[PDB]
Each structure stands twice: as C-alpha cells, then as structure tokens.
C-alpha cells in the first residue's frame, strides 16, 4: 500500500530533489501520506506554491530525510493529469 517510488524521470522535480527509486514518501509538509492518493491529494493543495517539503524513507534505510521540491517550474492539468507523474515519479 505505501507510496514507494519505482522510477524517477531524469531532470524532473523529483530527480532534482534526489529522490531515488525504492524511496517511500512518508509526508508532504508534515501531513502523513499513507498511500499514493494521499500524496496526490497533498500535492494538489500545493498549486500556486513555490515549494513543498517531502519527508522520505530511502530504500531499506531507517533514516528519514526532508527534501525540498522546487515547484516554480511545475505545471499539470489537475482534471487530466496525475500530479505524481508531473513531479517525475512512477509509482512502484
């Protein structure tokens, strides 16, 4: 169930934030995200914002990292597109 990254598009907003395949997204701006729909819901709420901070769990790591996404070049159409894709992420 948990939101675990499978691939990361080169040069994407996630690639620049150093998010790596097999990383799990634990929170978006301190709001826990137990699944991908919860990630999607939080990201939609960042429309218009310059940045958001994600807390991630690298693969098989116990360490948790806060990573800042730069959203100043971000656009997606919320009726037609998956926000998770628009960040460079392919779910596992």
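Positions refer to the first chain, counted from 1.
Across the two stretches, 60 to 68 and 33 to 41, the PDB entry reports the greater mean Cα temperature factor for 60 to 68. Residue 16: CA B factor lies in the highest third for its chain, per the PDB record. When the CA B factors of the chain's modelled residues are split into thirds, the value for residue 3 lands in the middle one.
Residue 81: CA B factor in the middle third of modelled residues in this chain (values from the PDB entry).
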